[PDB]
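Asks: model the structure of this input:
(one chain, ligands or ions: 2)
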Amino acid sequence: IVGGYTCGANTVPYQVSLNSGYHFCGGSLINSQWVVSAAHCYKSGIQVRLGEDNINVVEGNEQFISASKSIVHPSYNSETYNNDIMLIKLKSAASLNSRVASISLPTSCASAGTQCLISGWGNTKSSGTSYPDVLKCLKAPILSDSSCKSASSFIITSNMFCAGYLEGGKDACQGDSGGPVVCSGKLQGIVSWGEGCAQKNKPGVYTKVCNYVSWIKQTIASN
Ligand SMILES: O=C(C1CCN(c2ccncc2)CC1)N1CCN(S(=O)(=O)c2ccc3cc(Cl)ccc3c2)CC1
Ligand SMILES: [Ca+2]
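Replies: Numbering: from 1, shown residues only. Ligands and ions are numbered 1, 2, ... in the order given. Sure, the structure comes next:
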């Protein structure tokens, strides 16, 4: 997160960290046994860390649970980033409380202008490199499809949406991938990709979760 602020310990109870010996991606707890993340974050031997704030210090509220099964969207295209979403089932159910809670799936897509909260442990500099140990937060508005497509050098599909600032300075970054974009108490997006970080005229591109609710529900119901 570039240009964001320290969220505050456990103020984002659904935020999870994907670990493979180190933090590499974010994710969202959608129920006691399932996590949603980005397909490009796929990797074998994933361990899900819940209730985290400082990812380098055990503070007492964490839950470390190995992934028993990962499911990349059937139509994920790594070349176009279309359908960049993945589901991860936990070997055992998480113990829900005030610091570990699930986020609701949306029943309708969010409209442009809506204010959303993006969070992650990603790089905090648009040029240099500096990874925080505590969770960073950022408030950002969903942009209109036209300005989104207009700003992007690549093709924006109907399964993506832009959020952020055209004036640069605030954006998600390397390490934030797979993380949540929550608006009005609903998970509306997944940190997917961008052309650099917080560059002027280059907003963040996110997976539009409202288009996958049916796939998500059917999948967890049958697995
Ligand atoms: O420009 C790129 C790729 C981004 C993905 N990509 C395409 C190509 C064709 N169609 C769609 C996407 C090819 C170029 N990168 C530079 C920025 N890095 S990053 O710093 O790790 C990064 C990762 C995720 C991000 C997510 C957001 Cl939401 C905003 C900035 C982000 C920046 C990722 C690769
Ligand atoms: Ca910790």
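Asks: what about residue 143, neighbour count?
Replies: Per other CB atoms under 10 Å, the neighbour tally for residue 143 reads 22. Every C-beta, even on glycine, is put in place using the N, C-alpha and C of the backbone.
Asks: pretty sure it sits against residue 114.
Replies: No - Residue 143 lies out of contact with residue 114 (CB atoms under 8 Å); the separation is 10.2 Å.
Asks: up against ligand 2, what does this protein have?
Replies: By CB under 5 Å from the ion, the residues of the chain that approach ligand 2 are 52, 59.
Asks: and the residue nearest the centre of the chain, backbone torsions?
Replies: By CA atoms, centre = their mean, the chain has its centre lying nearest to residue 179, at 1.5 Å. Residue 179 adopts backbone torsions of phi -70, psi 170, taken as degrees, to the nearest 10.
Asks: make sure it is actually in contact with residue 103.
Replies: No - contact criterion CB under 8 Å: residue 179 and residue 103 do not qualify, at 11.5 Å.
Asks: pull up the overlap in contacts between those two.
Replies: Residues touching both residue 179 and residue 103 by CB atoms under 8 Å, 6 or more residues apart in numbering: residue 28.
Asks: distance of residue 118 from residue 174?
Replies: Note on residue 118: its distance to residue 174, by CB to CB, to the nearest Å, is 14 Å.
Asks: neighbour count: the two, which is higher?
Replies: Regarding residue 118 and residue 174, a neighbour count based on other CB under 10 Å identifies residue 118 as having more, with 29 against 14.
Asks: skipping adjacent residues, who's closest to that one in space?
Replies: Leaving aside its sequence neighbours, residue 118 sits nearest to residue 138 (CB to CB, 6 or more residues apart in numbering; 4.7 Å).
Asks: report the contact partners of that neighbour.
Replies: When contacts are counted by CB under 8 Å, 6+ apart, residue 138 touches 1, 3-5, 117-119, 170-172.
Asks: got a quick ChimeraX command for the buried subset of the residues you listed?
Replies: Selecting only the buried entries of the contacts of residue 138 in ChimeraX, with 16 or more other CB atoms under 10 Å as the criterion:
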select :1,3,4,117,118,119,170,171,172
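Asks: secondary structure class of residue 220, three-state.
Replies: helix (DSSP: H, G, I helix; E, B strand; the rest coil).
Asks: then residue 146?
Replies: helix.
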